[PDB]
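Shown here: input_25.cif, mmCIF, C-alpha atoms.
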```cif
data_structure
loop_
_atom_site.group_PDB
_atom_site.id
_atom_site.type_symbol
_atom_site.label_atom_id
_atom_site.label_comp_id
_atom_site.auth_asym_id
_atom_site.auth_seq_id
_atom_site.Cartn_x
_atom_site.Cartn_y
_atom_site.Cartn_z
ATOM 1 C CA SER A 1 -81.213 17.442 -69.590
ATOM 2 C CA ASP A 2 -79.624 19.489 -66.775
ATOM 3 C CA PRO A 3 -81.018 23.027 -67.242
ATOM 4 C CA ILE A 4 -78.596 24.716 -64.797
ATOM 5 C CA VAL A 5 -75.544 26.448 -66.296
ATOM 6 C CA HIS A 6 -72.472 25.452 -64.265
ATOM 7 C CA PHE A 7 -70.267 28.357 -65.197
ATOM 8 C CA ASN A 8 -66.473 28.177 -65.470
ATOM 9 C CA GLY A 9 -64.456 31.139 -66.705
ATOM 10 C CA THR A 10 -63.337 34.736 -66.248
ATOM 11 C CA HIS A 11 -65.379 37.794 -65.330
ATOM 12 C CA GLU A 12 -65.588 38.785 -69.029
ATOM 13 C CA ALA A 13 -66.598 35.217 -69.925
ATOM 14 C CA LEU A 14 -69.401 35.455 -67.332
ATOM 15 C CA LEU A 15 -70.599 38.808 -68.701
ATOM 16 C CA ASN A 16 -70.632 37.427 -72.252
ATOM 17 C CA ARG A 17 -72.531 34.299 -71.175
ATOM 18 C CA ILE A 18 -75.170 36.475 -69.457
ATOM 19 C CA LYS A 19 -75.497 38.493 -72.691
ATOM 20 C CA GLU A 20 -76.031 35.226 -74.618
ATOM 21 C CA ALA A 21 -79.262 34.549 -72.663
ATOM 22 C CA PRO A 22 -82.581 35.087 -74.509
ATOM 23 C CA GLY A 23 -84.389 36.467 -71.440
ATOM 24 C CA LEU A 24 -84.200 36.729 -67.667
ATOM 25 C CA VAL A 25 -81.075 35.412 -65.964
ATOM 26 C CA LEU A 26 -80.524 34.405 -62.326
ATOM 27 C CA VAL A 27 -76.848 34.272 -61.366
ATOM 28 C CA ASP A 28 -76.140 32.383 -58.105
ATOM 29 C CA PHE A 29 -72.648 32.883 -56.652
ATOM 30 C CA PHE A 30 -72.085 30.130 -54.099
ATOM 31 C CA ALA A 31 -69.549 28.001 -52.232
ATOM 32 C CA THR A 32 -69.952 24.236 -51.661
ATOM 33 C CA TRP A 33 -69.227 24.494 -47.903
ATOM 34 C CA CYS A 34 -71.876 27.186 -47.361
ATOM 35 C CA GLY A 35 -75.074 25.843 -45.749
ATOM 36 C CA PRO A 36 -77.605 28.318 -47.202
ATOM 37 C CA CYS A 37 -75.894 27.803 -50.599
ATOM 38 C CA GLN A 38 -76.255 24.032 -50.257
ATOM 39 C CA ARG A 39 -79.931 24.334 -49.352
ATOM 40 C CA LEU A 40 -80.604 26.695 -52.273
ATOM 41 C CA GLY A 41 -78.659 24.341 -54.588
ATOM 42 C CA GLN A 42 -81.005 21.468 -53.723
ATOM 43 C CA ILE A 43 -84.093 23.331 -54.977
ATOM 44 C CA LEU A 44 -82.714 25.411 -57.888
ATOM 45 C CA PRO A 45 -82.941 22.528 -60.401
ATOM 46 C CA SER A 46 -86.699 22.233 -59.803
ATOM 47 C CA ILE A 47 -87.175 26.010 -60.246
ATOM 48 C CA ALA A 48 -85.031 25.891 -63.392
ATOM 49 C CA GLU A 49 -86.977 22.960 -64.891
ATOM 50 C CA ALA A 50 -90.291 24.811 -64.398
ATOM 51 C CA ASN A 51 -88.955 28.091 -65.854
ATOM 52 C CA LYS A 52 -87.125 27.198 -69.079
ATOM 53 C CA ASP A 53 -87.572 30.797 -70.266
ATOM 54 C CA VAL A 54 -85.105 31.843 -67.491
ATOM 55 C CA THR A 55 -81.368 31.027 -67.541
ATOM 56 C CA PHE A 56 -79.980 29.870 -64.210
ATOM 57 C CA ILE A 57 -76.218 30.407 -63.895
ATOM 58 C CA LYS A 58 -74.293 28.987 -60.925
ATOM 59 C CA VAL A 59 -70.840 30.372 -60.215
ATOM 60 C CA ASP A 60 -68.687 28.506 -57.690
ATOM 61 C CA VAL A 61 -66.628 31.250 -56.026
ATOM 62 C CA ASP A 62 -63.768 28.876 -55.222
ATOM 63 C CA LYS A 63 -63.239 27.815 -58.840
ATOM 64 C CA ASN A 64 -64.208 31.196 -60.321
ATOM 65 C CA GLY A 65 -62.627 33.567 -57.828
ATOM 66 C CA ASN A 66 -61.661 36.206 -60.387
ATOM 67 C CA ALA A 67 -65.213 36.316 -61.830
ATOM 68 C CA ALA A 68 -66.798 36.595 -58.363
ATOM 69 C CA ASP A 69 -64.302 39.141 -57.055
ATOM 70 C CA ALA A 70 -64.649 41.271 -60.222
ATOM 71 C CA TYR A 71 -68.457 41.025 -60.056
ATOM 72 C CA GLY A 72 -68.253 42.517 -56.555
ATOM 73 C CA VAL A 73 -69.375 39.446 -54.596
ATOM 74 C CA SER A 74 -68.510 39.194 -50.899
ATOM 75 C CA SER A 75 -71.165 37.407 -48.818
ATOM 76 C CA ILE A 76 -72.938 34.318 -50.217
ATOM 77 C CA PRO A 77 -75.137 33.004 -51.731
ATOM 78 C CA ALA A 78 -75.213 36.143 -53.846
ATOM 79 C CA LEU A 79 -78.171 36.302 -56.212
ATOM 80 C CA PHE A 80 -78.579 38.670 -59.154
ATOM 81 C CA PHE A 81 -81.588 38.861 -61.498
ATOM 82 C CA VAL A 82 -80.312 40.411 -64.687
ATOM 83 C CA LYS A 83 -81.340 40.872 -68.304
ATOM 84 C CA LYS A 84 -79.448 41.997 -71.439
ATOM 85 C CA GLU A 85 -80.272 45.581 -72.325
ATOM 86 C CA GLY A 86 -78.704 46.568 -75.652
ATOM 87 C CA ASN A 87 -74.983 45.874 -75.179
ATOM 88 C CA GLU A 88 -75.302 46.276 -71.395
ATOM 89 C CA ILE A 89 -76.637 44.153 -68.549
ATOM 90 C CA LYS A 90 -79.568 45.554 -66.501
ATOM 91 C CA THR A 91 -79.854 44.335 -62.877
ATOM 92 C CA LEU A 92 -83.491 43.842 -61.823
ATOM 93 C CA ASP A 93 -82.932 42.623 -58.279
ATOM 94 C CA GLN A 94 -80.042 41.513 -56.112
ATOM 95 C CA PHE A 95 -79.677 40.068 -52.630
ATOM 96 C CA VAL A 96 -77.617 37.805 -50.404
ATOM 97 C CA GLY A 97 -79.132 34.707 -48.794
ATOM 98 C CA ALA A 98 -81.166 31.632 -49.727
ATOM 99 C CA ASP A 99 -84.420 33.561 -49.979
ATOM 100 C CA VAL A 100 -86.299 31.002 -52.037
ATOM 101 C CA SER A 101 -89.615 32.837 -51.771
ATOM 102 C CA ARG A 102 -88.062 36.056 -53.211
ATOM 103 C CA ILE A 103 -86.467 34.052 -56.022
ATOM 104 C CA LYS A 104 -89.871 32.615 -56.945
ATOM 105 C CA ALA A 105 -91.615 35.993 -56.553
ATOM 106 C CA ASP A 106 -89.030 37.741 -58.743
ATOM 107 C CA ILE A 107 -89.429 35.111 -61.495
ATOM 108 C CA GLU A 108 -93.241 35.482 -61.467
ATOM 109 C CA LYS A 109 -93.188 39.278 -61.356
ATOM 110 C CA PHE A 110 -90.607 39.741 -64.087
ATOM 111 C CA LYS A 111 -92.654 37.450 -66.399
#
```

Entire entry expressed as structure tokens:
Amino acid sequence: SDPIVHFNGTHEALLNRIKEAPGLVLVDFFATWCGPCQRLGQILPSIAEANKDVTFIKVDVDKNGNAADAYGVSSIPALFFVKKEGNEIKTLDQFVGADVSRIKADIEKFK
């Protein structure tokens, strides 16, 4: 089955979904017309399939503008490695760009 979470909802809905995850979360804010986003989107499913302990959440900024804007996203693709910490979300790493190698390195380092 498709392991990628294709998120649709409000900023609060996004925060709650992140807090539902059992472990590490990667949130990818993207647009469909963005080249780096497209190239990252082609390889994310493979990374997700190999790392079922990590929740991969994709947030299309055009359909979830309020969520993205409220999360503080400007440039894309905007990546955030986060984890639930009590009733709060801890951010472990964040960056803009299709840095596949950093994505992989962050996954390996965090677990």

Counting all atoms listed in the file, which residues in stretch 51-70 of chain A sit no more than 8 Å from stretch 8-20 of chain A? For each one, give the nearest pair of atoms and the distance in Å, sorted by chain then residue number, as JSON lines.
```
{"residue": "A:59", "atom": "CA", "partner": "A:8", "partner_atom": "CA", "distance": 7.2}
{"residue": "A:63", "atom": "CA", "partner": "A:8", "partner_atom": "CA", "distance": 7.4}
{"residue": "A:64", "atom": "CA", "partner": "A:8", "partner_atom": "CA", "distance": 6.4}
{"residue": "A:66", "atom": "CA", "partner": "A:10", "partner_atom": "CA", "distance": 6.3}
{"residue": "A:67", "atom": "CA", "partner": "A:11", "partner_atom": "CA", "distance": 3.8}
{"residue": "A:68", "atom": "CA", "partner": "A:11", "partner_atom": "CA", "distance": 7.2}
{"residue": "A:70", "atom": "CA", "partner": "A:11", "partner_atom": "CA", "distance": 6.2}
```

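Note that the spacing between atom CA of residue A:62 and atom CA of residue A:38 amounts to 14.3 Å.
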
Which residues are close to residue A:105, i.e. within 12 Å by all atoms listed in the file, leaving aside same-chain residues fewer than 4 positions away? Reply as JSON, numbers by chain. {"A": [47, 81, 93, 99, 100, 101, 109, 110, 111]}

Keeping only C-alpha atoms, write the selected residues as a PDB file, in the coordinates of the input.
```pdb
ATOM      1  CA  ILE A  47     -87.175  26.010 -60.246  1.00  0.00           C
ATOM      2  CA  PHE A  81     -81.588  38.861 -61.498  1.00  0.00           C
ATOM      3  CA  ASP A  93     -82.932  42.623 -58.279  1.00  0.00           C
ATOM      4  CA  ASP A  99     -84.420  33.561 -49.979  1.00  0.00           C
ATOM      5  CA  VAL A 100     -86.299  31.002 -52.037  1.00  0.00           C
ATOM      6  CA  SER A 101     -89.615  32.837 -51.771  1.00  0.00           C
ATOM      7  CA  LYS A 109     -93.188  39.278 -61.356  1.00  0.00           C
ATOM      8  CA  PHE A 110     -90.607  39.741 -64.087  1.00  0.00           C
ATOM      9  CA  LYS A 111     -92.654  37.450 -66.399  1.00  0.00           C
TER      10      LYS A 111
END
```

Selection result for the PyMOL selection byres ((chain A and resi 54) around 8) on this file, as a VMD selection string: chain A and resid 23 to 26 48 51 to 53 55 to 56

Just so the selection is clear, what residues does the PyMOL selection byres ((chain A and resi 78) around 10) cover here, as a PyMOL selection string? chain A and resi 27-30+37+59+68+72-77+79-80+94-98

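Interatomic distance, atom CA of residue A:6 to atom CA of residue A:57: 6.2 Å.
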
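Between atom CA of residue A:2 and atom CA of residue A:86 lies a distance of 28.5 Å.
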
Can you list, as a PyMOL selection string, the residues that the PyMOL selection byres ((chain A and resi 31) around 6) selects here? chain A and resi 30+32-34+60-61

Pull stretch 17-106 of chain A out of the block and emit C-alpha atoms, as a PDB file, in the first residue's frame.
```
ATOM      1  CA  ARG A  17      -1.650  14.373  12.360  1.00  0.00           C
ATOM      2  CA  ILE A  18       2.056  14.866  13.174  1.00  0.00           C
ATOM      3  CA  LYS A  19       1.265  14.143  16.847  1.00  0.00           C
ATOM      4  CA  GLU A  20      -0.500  10.916  15.780  1.00  0.00           C
ATOM      5  CA  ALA A  21       2.796   9.513  14.409  1.00  0.00           C
ATOM      6  CA  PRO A  22       4.533   6.777  16.460  1.00  0.00           C
ATOM      7  CA  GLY A  23       8.055   8.037  15.684  1.00  0.00           C
ATOM      8  CA  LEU A  24      10.036  10.272  13.356  1.00  0.00           C
ATOM      9  CA  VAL A  25       8.099  12.361  10.849  1.00  0.00           C
ATOM     10  CA  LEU A  26       9.289  14.020   7.626  1.00  0.00           C
ATOM     11  CA  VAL A  27       6.941  16.753   6.413  1.00  0.00           C
ATOM     12  CA  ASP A  28       7.500  17.804   2.768  1.00  0.00           C
ATOM     13  CA  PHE A  29       5.778  21.044   1.720  1.00  0.00           C
ATOM     14  CA  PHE A  30       5.766  21.136  -2.076  1.00  0.00           C
ATOM     15  CA  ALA A  31       4.088  22.471  -5.214  1.00  0.00           C
ATOM     16  CA  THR A  32       3.396  20.340  -8.318  1.00  0.00           C
ATOM     17  CA  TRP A  33       4.956  22.901 -10.710  1.00  0.00           C
ATOM     18  CA  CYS A  34       8.217  23.075  -8.736  1.00  0.00           C
ATOM     19  CA  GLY A  35      11.071  21.129 -10.377  1.00  0.00           C
ATOM     20  CA  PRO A  36      13.089  20.213  -7.257  1.00  0.00           C
ATOM     21  CA  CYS A  37       9.766  19.221  -5.613  1.00  0.00           C
ATOM     22  CA  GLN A  38       8.916  16.993  -8.576  1.00  0.00           C
ATOM     23  CA  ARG A  39      12.328  15.329  -8.472  1.00  0.00           C
ATOM     24  CA  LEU A  40      12.091  14.750  -4.708  1.00  0.00           C
ATOM     25  CA  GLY A  41       8.531  13.405  -5.168  1.00  0.00           C
ATOM     26  CA  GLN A  42       9.798  10.721  -7.555  1.00  0.00           C
ATOM     27  CA  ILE A  43      12.138   9.205  -4.947  1.00  0.00           C
ATOM     28  CA  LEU A  44      10.234   9.757  -1.665  1.00  0.00           C
ATOM     29  CA  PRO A  45       8.050   6.640  -2.101  1.00  0.00           C
ATOM     30  CA  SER A  46      11.152   4.420  -2.223  1.00  0.00           C
ATOM     31  CA  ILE A  47      12.592   6.073   0.920  1.00  0.00           C
ATOM     32  CA  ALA A  48       9.210   5.712   2.634  1.00  0.00           C
ATOM     33  CA  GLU A  49       8.874   2.015   1.716  1.00  0.00           C
ATOM     34  CA  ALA A  50      12.325   1.259   3.190  1.00  0.00           C
ATOM     35  CA  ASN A  51      11.657   3.236   6.400  1.00  0.00           C
ATOM     36  CA  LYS A  52       8.203   2.190   7.636  1.00  0.00           C
ATOM     37  CA  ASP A  53       9.157   3.372  11.137  1.00  0.00           C
ATOM     38  CA  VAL A  54       9.126   6.971   9.751  1.00  0.00           C
ATOM     39  CA  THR A  55       5.949   8.821   8.693  1.00  0.00           C
ATOM     40  CA  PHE A  56       6.278  10.760   5.454  1.00  0.00           C
ATOM     41  CA  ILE A  57       3.749  13.597   5.151  1.00  0.00           C
ATOM     42  CA  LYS A  58       3.381  15.533   1.886  1.00  0.00           C
ATOM     43  CA  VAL A  59       1.597  18.873   1.987  1.00  0.00           C
ATOM     44  CA  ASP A  60       0.659  20.462  -1.342  1.00  0.00           C
ATOM     45  CA  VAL A  61       0.931  24.208  -0.686  1.00  0.00           C
ATOM     46  CA  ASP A  62      -1.654  25.053  -3.344  1.00  0.00           C
ATOM     47  CA  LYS A  63      -4.379  22.887  -1.802  1.00  0.00           C
ATOM     48  CA  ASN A  64      -3.259  23.461   1.800  1.00  0.00           C
ATOM     49  CA  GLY A  65      -2.303  27.123   1.694  1.00  0.00           C
ATOM     50  CA  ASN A  66      -3.506  27.923   5.210  1.00  0.00           C
ATOM     51  CA  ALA A  67      -1.522  25.002   6.710  1.00  0.00           C
ATOM     52  CA  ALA A  68       1.661  25.974   4.829  1.00  0.00           C
ATOM     53  CA  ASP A  69       1.337  29.694   5.517  1.00  0.00           C
ATOM     54  CA  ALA A  70       0.636  29.058   9.230  1.00  0.00           C
ATOM     55  CA  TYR A  71       3.560  26.609   9.436  1.00  0.00           C
ATOM     56  CA  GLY A  72       5.811  29.424   8.194  1.00  0.00           C
ATOM     57  CA  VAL A  73       6.661  27.964   4.777  1.00  0.00           C
ATOM     58  CA  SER A  74       7.903  30.288   2.031  1.00  0.00           C
ATOM     59  CA  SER A  75      10.440  28.670  -0.318  1.00  0.00           C
ATOM     60  CA  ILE A  76       9.970  25.042  -1.442  1.00  0.00           C
ATOM     61  CA  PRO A  77      10.384  22.113  -1.122  1.00  0.00           C
ATOM     62  CA  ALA A  78      10.394  22.777   2.604  1.00  0.00           C
ATOM     63  CA  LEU A  79      11.442  19.779   4.673  1.00  0.00           C
ATOM     64  CA  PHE A  80      10.991  19.359   8.422  1.00  0.00           C
ATOM     65  CA  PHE A  81      12.101  16.358  10.507  1.00  0.00           C
ATOM     66  CA  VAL A  82       9.942  16.395  13.595  1.00  0.00           C
ATOM     67  CA  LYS A  83       8.940  14.131  16.463  1.00  0.00           C
ATOM     68  CA  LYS A  84       6.190  14.337  19.122  1.00  0.00           C
ATOM     69  CA  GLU A  85       7.591  15.430  22.461  1.00  0.00           C
ATOM     70  CA  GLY A  86       4.936  15.253  25.186  1.00  0.00           C
ATOM     71  CA  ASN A  87       2.097  17.436  23.875  1.00  0.00           C
ATOM     72  CA  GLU A  88       4.522  19.439  21.710  1.00  0.00           C
ATOM     73  CA  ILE A  89       6.342  18.855  18.433  1.00  0.00           C
ATOM     74  CA  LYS A  90      10.182  18.889  18.495  1.00  0.00           C
ATOM     75  CA  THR A  91      11.932  19.893  15.234  1.00  0.00           C
ATOM     76  CA  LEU A  92      15.118  17.872  14.647  1.00  0.00           C
ATOM     77  CA  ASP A  93      16.176  19.364  11.329  1.00  0.00           C
ATOM     78  CA  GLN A  94      14.743  21.667   8.699  1.00  0.00           C
ATOM     79  CA  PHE A  95      15.838  22.875   5.281  1.00  0.00           C
ATOM     80  CA  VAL A  96      14.671  24.020   1.867  1.00  0.00           C
ATOM     81  CA  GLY A  97      15.624  22.117  -1.287  1.00  0.00           C
ATOM     82  CA  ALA A  98      15.611  18.576  -2.674  1.00  0.00           C
ATOM     83  CA  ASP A  99      18.642  17.515  -0.659  1.00  0.00           C
ATOM     84  CA  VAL A 100      18.083  13.784  -0.941  1.00  0.00           C
ATOM     85  CA  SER A 101      21.408  12.899   0.671  1.00  0.00           C
ATOM     86  CA  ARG A 102      20.560  14.985   3.797  1.00  0.00           C
ATOM     87  CA  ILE A 103      17.124  13.365   3.970  1.00  0.00           C
ATOM     88  CA  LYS A 104      18.737   9.915   3.964  1.00  0.00           C
ATOM     89  CA  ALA A 105      21.460  10.976   6.426  1.00  0.00           C
ATOM     90  CA  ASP A 106      18.905  12.470   8.829  1.00  0.00           C
TER      91      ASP A 106
END
```
